[PDB]
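Okay, structure first, notes after.
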Amino acid sequence: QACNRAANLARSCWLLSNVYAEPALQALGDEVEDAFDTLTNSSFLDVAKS
Amino acid sequence: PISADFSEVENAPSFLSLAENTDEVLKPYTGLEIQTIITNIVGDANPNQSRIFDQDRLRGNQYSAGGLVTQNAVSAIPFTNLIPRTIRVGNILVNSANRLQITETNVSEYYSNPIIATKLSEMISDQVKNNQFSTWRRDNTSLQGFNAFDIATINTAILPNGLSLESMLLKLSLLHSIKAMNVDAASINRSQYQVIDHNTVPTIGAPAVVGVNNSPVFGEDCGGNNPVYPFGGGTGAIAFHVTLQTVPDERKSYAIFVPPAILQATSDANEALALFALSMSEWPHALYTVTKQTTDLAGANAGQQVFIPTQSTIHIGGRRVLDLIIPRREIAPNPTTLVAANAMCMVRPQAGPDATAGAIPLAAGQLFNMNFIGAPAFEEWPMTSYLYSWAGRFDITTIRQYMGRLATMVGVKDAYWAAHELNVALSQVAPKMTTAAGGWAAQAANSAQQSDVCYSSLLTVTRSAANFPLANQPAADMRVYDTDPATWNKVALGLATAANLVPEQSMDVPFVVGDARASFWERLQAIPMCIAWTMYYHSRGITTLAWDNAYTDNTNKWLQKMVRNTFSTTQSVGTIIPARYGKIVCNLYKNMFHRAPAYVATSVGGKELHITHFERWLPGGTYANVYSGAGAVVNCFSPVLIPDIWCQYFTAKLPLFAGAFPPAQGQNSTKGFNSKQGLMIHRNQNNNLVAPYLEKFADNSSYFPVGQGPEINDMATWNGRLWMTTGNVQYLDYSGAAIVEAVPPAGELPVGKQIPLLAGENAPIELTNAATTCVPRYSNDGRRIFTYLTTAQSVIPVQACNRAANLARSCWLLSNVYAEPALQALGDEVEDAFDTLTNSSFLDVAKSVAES
Amino acid sequence: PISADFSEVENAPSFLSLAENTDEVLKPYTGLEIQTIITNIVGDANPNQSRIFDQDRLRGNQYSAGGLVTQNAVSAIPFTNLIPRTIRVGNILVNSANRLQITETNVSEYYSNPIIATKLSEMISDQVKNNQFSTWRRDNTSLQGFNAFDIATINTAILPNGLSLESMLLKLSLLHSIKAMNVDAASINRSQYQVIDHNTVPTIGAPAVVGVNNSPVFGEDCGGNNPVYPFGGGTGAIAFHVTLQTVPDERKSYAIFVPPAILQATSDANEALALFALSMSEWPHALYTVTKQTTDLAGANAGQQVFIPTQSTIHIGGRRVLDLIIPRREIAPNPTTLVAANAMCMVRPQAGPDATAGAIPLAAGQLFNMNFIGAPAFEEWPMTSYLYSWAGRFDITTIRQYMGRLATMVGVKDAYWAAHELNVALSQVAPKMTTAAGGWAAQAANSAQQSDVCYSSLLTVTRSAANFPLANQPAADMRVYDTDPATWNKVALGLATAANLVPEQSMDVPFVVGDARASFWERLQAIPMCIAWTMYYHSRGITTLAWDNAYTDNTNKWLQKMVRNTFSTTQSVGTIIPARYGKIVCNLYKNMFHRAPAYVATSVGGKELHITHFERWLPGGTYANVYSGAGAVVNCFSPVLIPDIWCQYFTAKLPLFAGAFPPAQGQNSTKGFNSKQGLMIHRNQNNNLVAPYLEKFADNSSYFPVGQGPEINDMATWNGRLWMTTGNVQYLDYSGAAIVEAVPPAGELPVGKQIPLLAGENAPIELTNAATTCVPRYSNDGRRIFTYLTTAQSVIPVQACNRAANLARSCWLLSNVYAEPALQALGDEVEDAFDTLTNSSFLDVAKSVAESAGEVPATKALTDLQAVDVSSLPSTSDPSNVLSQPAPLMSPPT
C-alpha cells in the first residue's frame with residue numbers, strides 16, 4: 001500500500017540539519033511562511049551562493 | 001448513486017447547486033417506474049420471484065470493513081398504511097394495548113378560477129329581466145329531468161368562487177386505496193403486514209377481507225349495527241327530494257342536484273347514488289377494517305387478524321346533513337300524492353344489502369319513500385346507517401367506471417393526480433427507528449414505541465387519547481380546498497363553466513385507479529418524498545428538540561423564523577399560500593430525480609402560484625426521534641426515518657455530504673477534507689477531545705449570534721459522518737461539556753426495522769442498514785455541538801482527512817461496486833478489450849436515459 | 001470453414017474483427033443452412049418421401065495422422081429435448097434412478113412500442129357524453145356481443161407500457177413443440193431418442209404416443225387422473241361469464257374478454273376456447289409424456305419407453321384462476337333468466353373428451369352451468385382438470401389455423417419468431433462430455449453423470465430435489481415479458497393500437513408452426529447458438545472452476561466485472577436493459593453466420609432498443625464441465641459443449657485460433673507462430689519443462705495484476721492447441737507447480753458423445769470428434785496456467801513454430817460450401833393458379849385492412865350531426881395522441 005502511495009511507513013532517523021520530529025496528530029494548518037524566514041531569507045541565499 | 005471509488009465522492013454536486021430553481025417542465029414520477037428498481041437488482045444469490053407478493057424488499061450482496069462478503073442481505077421497505085389492532089405476543093394473537101392514530105385537515109374556500117356564465121344562463125336572466133312568464137310554467141321540465149322554476153331560481157344567484165373537486169376526488173382516492181386491499185393476495189406484498197408487527201406472517205392462500213366496524217378495543221366499533229361518526233359522534237341525516245320546493249328552508253341553499261350523468265354511471269344506479277353521497281359528506285363515515293389470516297413465525301398459530309387502514313383515520317369535510325335532488329322520469333308537475341311521488345323519480349333510492357339496527361332501523365334493501373309537497377310528516381334517514389348499508393359493495397372497478405363518467409362530464413385528469421399525491425403524502429407511514437451498533441433492531445412487542453410512527457414529512461402522527469367517538473380541539477395537519485355545492489349546482493345544469501372544467505376522453509383517467517397494484521405503487525411513491533424532506537433537514541444540523549420546542553416556549557429568534565418558513569403560516573382569504581422554504585424542497589426533488597410533483601394553480605393579487613404537497617403542511621407537530629434499546633427516547637440527532645441506502649440508491653444526483661462510503665481495502669477508500677478545503681480542527685487535548693476539520697468560525701464558535709444558525713457546508717458534514725461512523729463518538733460542546741439533548745448509549749446510531757427473513761436471506765451487517773447523515777450542529781440552547789473522539793482514537797481519521805491514510809467501512813455490492821482484494825497488486829492501467837468493443841452501445845443507452 | 005492449407009489458417013480473421021458492430025440488415029436463421037449439408041435434401045422435398053429419420057448425423061471421410069483413410073466416419077448431432085424416464089440397462093429396460101430437470105422464468109411488465117387510442121374509442125366517449133342529456137339509461141355502447149356497461153369500463157385508464165403478447169406466444173410454441181412429436185416416425189430423427197440413452201434403438205414403423213401424467217417414478221404423475229399443478233402443487237379455477245357483473249368482487253379486475261373473431265371457424269370452437277384458456281393460465285398445467293416403442297442394440301428385446309419433453313418442465317408463472325367473459329350471440333337485454341342466456345351465448349363451454357376424479361369430478365363432455373344474476377349458486381371448475389381433458393385433442397394443424405386467425409387480429413409474425421427463438425434457447429439441451437484419447441466415449445448407464453445436461457449457453461440445467469409436486473420454487477434462468485389482461489381487453493376490441501400490433505394475414509405465420517419437420521428444424525437451430533457462446537467463452541482462457549466462483553470472489557476485481565456484465569440485471573426508466581456483453585455474442589453471431597437473430601424492442605423513454613435472447617439470462621447456474629472416464633469431474637478446461645468440427649464446418653467466417661488443422665500435402669502438414677509474430681517462449685528454473693511461444697506479458701505475470709486478465713491473442717492460443725494436441729501435455733504453474741483445479745488423466749481431451757452405428761458407418765478416429773480450443777489460461781486463485789512439455793518432447797513442436805518442421809494431425813475430408821439465404825419472408829408460400837386469377841383484389845383489400853385498424857365507415861363528421869352539443873364532445877376538446885413514456889405529462893405548471 002505504501003509503494004502504491006495509499007499508506008505511510010514508520011522508520012527511525014537522525015535529527016540533524018533540517019530534520020525535525022513529527023507529532024502524532026498532524027493537525028495541519030494553512031501553509032504559511034514564517035515572518036522570521038522572510039526577514040532573513042536573502043542572507044540565507046547569500047550563504048548558499050557562497 | 002452509490003460510489004465505487006472516492007473519486008465519485010469528490011466530484012459530487014454541492015447542496016446549493018441542487019437547491020437551485022430549475023425551469024424545464026418535467027414528468028410525473030409514477031410508481032410503475034419505481035417498480036423496476038426493486039426488481040432488476042444485481043446479485044447471484046437472488047431467486048428472481050415474479051409474484052409481487054415477494055418483491056417487497058431490497059436484496060443485495062454486502063462487503064464487510066474486514067473484507068468478507070455477505071450474500072442476499074435484506075433491507076425492508078419502510079412504509080405502510082395498516083395499523084394493527086391485534087398484535088401477536090408470545091406467538092399468539094393478543095388484543096392491542098395502544099390507541100389509534102388520527103389526522104385532520106383545514107378545508108378552505110377555493111376562490112381561484114372563478115366561473116363564467118353560459119349563454120343559456122344569460123338568456124335565462126334576460127327572461128327574468130323582461131318578465132317572460134311562460135318560460136317557468138308549473139309543469140315545464142327539461143330532458144335533464146329537472147323542472148324550469150328550479151333552474152330559474154338556481155341561476156339568479158351570483159357567485160364569486162370557482163369549483164375545485166379536490167376534497168371530492170380526495171375522498172374517492174381514499175375509498176379506492178381502502179378497497180384495493182381486497183384484491184388477490186399475490187397482488188399485495190407481505191412486508192406490509194409486518195412493518196409495525198414484526199412477529200406476524202401473512203398467508204398467501206387467502207385474500208384480505210374488507211369489513212367495517214369490527215375493531216375489538218377503545219370504542220373502535222362505533223356502535224356496530226348502529227353506526228355513528230368516529231369523529232365527534234352523532235348520526236348525520238339524508239333526504240331525497242324531487243324538487244327544491246320540498247326541501248326545508250334554511251336548508252335550500254345547501255341542497256345538491258344530482259345530474260343524470262351520475263345515475264347512469266354504473267350497473268346499479270342506487271350504488272352510484274350512494275357513492276356520490278359518500279363523495280360529498282363527511283369522512284370517515286365509519287372505521288373500515290382490513291382482516292387477514294396470518295400465522296406464527298413457525299406457522300404454529302393461525303388466525304384472522306385485524307388492521308385499521310390509515311386512510312380510514314384522516315378527517316376531511318364533515319358536513320353532517322344533506323338533501324339530494326333527483327331527476328324525474330316524466331314531464332309532470334311536482335308530486336302531491338305519495339304514489340305520484342314514488343313512481344315519478346328516475347331512480348328510487350334504497351339501502352344496500354347489509355342490514356342495520358338503530359332507532360331508525362333499515363331492513364336490507366329497504367326502499368325510500370320520496371318527499372312531496374302536501375306531506376303530513378317530513379321524511380328522512382340516518383346518514384351513517386345509510387352509508388353503512390352500502391359499505392360492503394363499493395369496488396375498485398366500479399369506482400373506475402364512475403371515474404370514467406366523471407372524466408367525461410368534466411375534467412378529472414389533473415385534479416385526481418394531485419388528490420392522489422395528497423393521499424400518498426398523508427396516508428403513508430413509518431415506525432420510528434431504534435438505535436443500535438449493528439444492522440437490525442426493533443422495539444419490544446406490544447409497546448407504545450412499537451406503534452409510534454411518522455409521516456414521510458418526518459412529522460410524527462397525532463394519537464387519540466380517549467375512546468371513540470372523539471371530541472377534540474382540532475390540530476390540522478395540512479390545508480386542502482373544499483368542493484362548493486352551489487357552484488356544482490351552477491355547473492350541473494349547464495348554467496356555468498370554468499377554465500379547468502374541460503371534459504375529457506374516458507381513456508385519459510390516470511391509470512392508477514382500478515388497478516390492483518395500486519397499493520404497492522403507493523408505498524413506492526412514498527420513498528422519494530422522504531428523500532427530499534430528509535435532505536432538507538440534514539443539511540443543517542438542528543437537533544430534534546430544537547424543532548420540537550420551536551413552536552412552543554423554548555424558541556429562539558432563528559428557530560422562530562425557521563419553523564415559520566418551513567410551513568404554510570400565511571392565511572390570505574380563500575387561498576392556500578405556499579411555504580417560503582417548501583420551494584427548496586421541490587427544487588431538491590426536481591434536481592435529484594429529474595421528475596416533478598403535481599401542481600395546483602392558485603392566484604394571489606393576480607399573481608399565479610403553483611402549489612405542491614411540499615408547500616401545504618401546517619406547523620406544531622412533533623418530529624421523528626430515535627429510541628434507545630429498552631425504549632428510552634433520544635433526541636440529539638436531526639430527525640430521521642429511513643436508512644441511507646434508500647437515498648443513495650434511488651437518486652440520480654445527491655449532494656456531496658450524503659454519498660456512500662467506497663469499499664474497504666481499495667486504493668481510493670474513504671478519506672476526508674482538511675485545511676486546504678478551507679477547514680480547521682478543534683482540538684481539546686487537555687480533556688481527550690479532538691474534533692474534525694470544520695468550517696472556519698464566524699463569531700459562532702460556542703453560542704450562535706442571535707438570529708443566526710449554522711451554515712451549509714458539505715465537506716464538514718462529511719467529516720462529521722467520518723467521526724460518527726467510528727464506534728465511540730461523543731456529543732459535547734465547545735468546552736467539552738454535556739448538552740441538554742438526550743444522547744444514545746455510546747456508539748449507537750439509528751438503524752432500520754427488523755422483519756422476519758425468508759429462506760436464504762441474511763440480516764444486514766454492520767452499518768449497512770443505518771442512518772448516518774443525521775449529524776447534529778445546533779442545540780436548543782443555541783450552543784454549537786461537537787463530535788469528539790479521544791486523542792488516541794482520533795489519529796488515523798485525521799491522517800485520512802489529511803489524505804495520508806485510508807479508512808475501512810462496509811458497503812452494498814450493487815451496480816458498479818466491486819469487492820477490493822487485500823493486496824492491491826496494481827498493474828498498468830489498461831482498457832479491457834470487451835469494454836472497447838461494446839462502448840458505443842453503452843453510450844447509446846446513456847443517451848437514451850438523458851433524453852427522457 | 002475447414003482449412004485447406006496453412007496459408008488459409010494463417011489468413012483467418014482475428015477475433016476482434018468478428019466482434020465489431022455490424023450495421024447491415026440480415027435474414028433470419030431458418031436452420032436450413034445446416035440441412036443442405038447433412039442431408040439428401042437440397043431444395044424442397046416432401047417429409048414422407050425423404051426419410052429424415054436417417055438424416056441425423058454428420059458423415060464423411062477422415063484422414064488419420066498415420067496416413068490411413070477411414071471412410072464413412074460419423075458424428076452425432078449434439079442436442080435434444082427428450083428425457084428418458086426409463087433407461088435400458090443390461091439389455092433390459094428399467095426405471096430411472098435420477099430426478100427430472102427443471103427451469104424457471106422471470107415474467108414481468110416492460111415498456112414496449114408506444115400505444116395510442118383508436119377512433120372507435122372516441123366514438124364511444126361521444127356516445128356517452130351525448131347520452132348524458134337524457135334521463136335514460138341506455139345501451140348504445142354495446143360491441144361484438146358485449147354489454148354496454150362493459151365496453152364503458154374497458155374504455156378507461158389505459159396503461160402506458162404497451163402490449164407484448166410474448167408469454168402467450170411462448171406457451172403456444174411450447175405446446176406446438178410437444179404435439180409435433182405425435183407425427184409418424186419416418187420424419188423424426190432416430191438420434192433424438194438416443195442422445196442420453198445411448199443403448200436404445202427406436203422403431204421406425206410406429207409413431208410416438210403423447211400422453212399426460214403417466215410417469216412411473218418420483219411422483220411425476222401429478223395425481224394422475226386427479227390433477228394438480230406440477231410446481232405450485234395446487235389446483236386452479238376457471239369460470240365463464242356472460243357479463244362482468246357475476247364475477248366476484250375479489251377478482252373483477254383480472255377478467256379477460258374472449259373476442260368473437262376467434263371461434264369464427266365452423267371447426268369445433270369449444271376447443272379454440274380451451275386453447276385460449278391454456279395460453280393465459282400457469283404453465284405447465286401437467287407433465288406431458290412421450291411414449292415410444294424401442295428395442296435392444298441387438299434388436300432382441302422390445303418395449304415402450306417413457307420420455308419427458310424439455311418444453312413440459314419449464315415454468316412460466318401466471319394465473320391460477322380465470323374469468324372468461326363470453327360474447328353474446330344476439331344483441332339483447334341482459335339475460336336475467338337462464339334460457340335467455342344459454343340460447344344467446346355465442347358458444348356454450350363444455351369439458352373435453354376425458355374423465356377426471358377427485359372433488360368436482362368431471363364426466364366426459366360435461367356442460368358448464370352458466371353464471372347469471374340471481375342464480376341459485378355460483379359455479380366453477382378446477383382448471384387443472386378442465387385442461388386435463390382437452391390435453392389429448394390439440395394438434396399441430398389446428399394450432400396453425402388458430403394462430404392464423406389470431407394473426408388477423410394482431411400481427412404475430414416477428415413476435416412469434418422471437419418466442420420460437422426463446423423456445424429453442426430454453427429447450428434444446430446436451431449431455432456433458434467425457435475425456436478420452438480416442439474419438440468416442442459415454443458415461444455409465446443410468447448414472448447421474450449420464451443424465452447431466454446443459455443449455456446452448458454453456459450453463460447447466462438444474463435438477464429437482466424432491467418428488468412432484470415441488471414444494472419450493474427454483475431460481476429464475478431467464479426473464480420474459482408479460483401480457484396484461486387490461487390492455488389485452490383494450491386491444492382485442494379495437495380500442496387501442498401500437499406499431500408492433502398492426503394486423504396481418506393468416507399466411508404470414510412462419511413455416512415451423514405447421515410442419516412435421518419442425519422437431520428436426522428446432523434441433524438444427526441450436527447449433528449456431530453454441531458456436532457463438534463457445535467462441536465467446538474460449539476467446540479468454542478462464543477455467544470452469546473460475547467462472548463457477550467468479551461472481552463473488554475478491555481475489556480479482558476484473559473477474560467480477562467479467563461475469564457481472566454477461567447477465568441482464570440492469571434497468572432504466574422502468575424498462576429492462578440488455579446485458580452489456582451479450583451484444584458481443586450477438587455481433588459475433590451476425591458476423592460468423594451472416595444471419596440476424598430475432599429481437600424485440602424496449603422503449604427507453606420512447607427510444608427503442610433491441611433485446612435478443614443472448615442478452616436476457618440470469619445469474620446462479622453452474623458452468624459446463626467434462627467428466628473423467630471414471631466419472632470424476634474435471635475443472636481445468638474453459639466451458640465446452642460440442643466438438644469443434646461443428647463450430648468450424650458450419651460458419652461462413654471463423655476466428656483464427658479455432659480453425660481446423662490443415663491436410664497433409666507432400667512435405668507440409670501443420671505449423672506454429674514464433675517471435676516474428678511477436679511471441680516468445682517461457683522457461684523457468686526447471687530444465688525439463690517447455691511452454692510454447694506466448695505473449696510477451698506472459699513473462700511478467702505469474703499472477704495477473706488485479707483489474708486485469710488474459711487478453712485476446714489468436715496465435716498464442718493456436719500454439720496452446722499445438723501443445724495440447726500432442727498426447728502428453730502437462731497443466732502447471734509458472735514455477736511448474738500443480739494448479740488447484742481438477743485435471744484429466746494424462747493426455748486426454750474432452751470428446752463427443754457415442755451413439756449406436758448403422759451398417760456401413762465407422763466410429764470417429766483420434767481427435768476428429770474432440771474439442772480442442774478450450775485452452776485454460778486463468779486459474780481460480782489468480783495464477784496463469786501453462787501447458788508444458790519435457791525438453792525431448794518439446795523439440796519437434798518448437799521447430800514447427802519456427803517453420804522448420806511439421807506436425808501430423810487428423811482431419812475431416814470435407815470441402816466448403818455456404819448458401820445464400822433460402823427464404824426472405826420467414827414464411828413459406830407458393831402461388832397456386834387461383835392465387836394469380838385473384839391477385840389484385842387481394843393485394844388492395846389487404847392494404848385496405850392494414851390501415852383499417854380501429855376504423856369504422858362512420859366518421860366523426862357524420863356522428864357530429866346527430867350530437868346535441870358538438871363543442872362539449874370530448875373528441876373535440878381532446879384530440880387523441882400517442883402516450884409518452886415512462887408516463888404522459890400531468891399537471892403542467894401552466
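Chain lettering (A, B, ...) mirrors the order of the C-alpha cells, residue numbering begins at 1 for each chain separately, and ligand numbering begins at 1 in order of display.
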
With a cut-off of 8 Å and counting only C-alpha atoms, select all residues of chain B in contact with chain A and give the selection as a PyMOL selection string.
-> chain B and resi 667-668+674-676+680-681+794-795+798-799+802+804-806+823-824+826

Contact set, chain B to chain C: 6 Å, only C-alpha atoms, as a VMD selection string | chain B and resid 27 33 36 40 to 42 44 47 to 48 50 143 to 144 183 260 to 261 264 401 404 414 503 to 511 598 to 599 819 821 825 to 827 852

Given only C-alpha atoms as the counted atoms, nearest of C:230, C:736, C:659, C:145 to residue 686 in chain C |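 Using only C-alpha atoms, the shortest distance to residue 686 in chain C belongs to C:736.
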
Go through range 476-570 of chain B and collect every residue that DSSP, computed from the backbone, puts in strand (DSSP E or B); the answer should be as a ChimeraX atom specification.
-> /B:478-481,496-497,542

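In this structure, CA of residue 312 in chain C sits 6.0 Å away from CA of residue 288 in chain C.
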
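Picture a line from CA of residue 340 in chain B to CA of residue 246 in chain B; it runs 14.4 Å.
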
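Put simply, CA of residue 92 in chain B is 6.3 Å away from CA of residue 301 in chain B.
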
If we count only C-alpha atoms, what is near range 744-756 of chain B at a cut-off of 7 Å, once residues fewer than 3 positions away on the same chain are taken out, given as a ChimeraX atom specification?
-> /B:76,194,198,433-437,439-442,626,628,634,642-643,727-729,769-771

File of the preceding selection, C-alpha atoms, as a short mmCIF file (atom, residue, chain, number, x, y, z; two decimals), in the first residue's frame:
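Final output, saved to result_14.cif:
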```cif
data_model
loop_
_atom_site.label_atom_id
_atom_site.label_comp_id
_atom_site.auth_asym_id
_atom_site.auth_seq_id
_atom_site.Cartn_x
_atom_site.Cartn_y
_atom_site.Cartn_z
CA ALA B 76 -37.20 -3.88 4.49
CA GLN B 194 -45.27 -6.87 9.22
CA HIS B 198 -42.64 -7.87 13.05
CA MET B 433 -36.03 3.92 14.31
CA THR B 434 -34.40 2.18 17.21
CA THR B 435 -30.74 2.82 17.91
CA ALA B 436 -28.09 0.11 17.68
CA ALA B 437 -24.49 -0.62 16.83
CA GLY B 439 -27.73 -3.76 11.30
CA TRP B 440 -31.11 -4.65 12.82
CA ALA B 441 -33.24 -3.79 15.80
CA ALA B 442 -36.86 -3.32 16.85
CA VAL B 626 -34.80 7.63 17.74
CA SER B 628 -32.81 3.53 22.86
CA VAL B 634 -33.11 10.09 22.44
CA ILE B 642 -35.11 5.74 6.71
CA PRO B 643 -31.72 4.05 6.03
CA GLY B 727 -17.60 3.30 17.23
CA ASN B 728 -17.21 5.86 20.03
CA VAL B 729 -18.40 9.37 19.18
CA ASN B 769 -28.62 -0.59 7.26
CA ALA B 770 -28.34 2.64 9.20
CA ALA B 771 -28.85 6.39 9.05
#
```
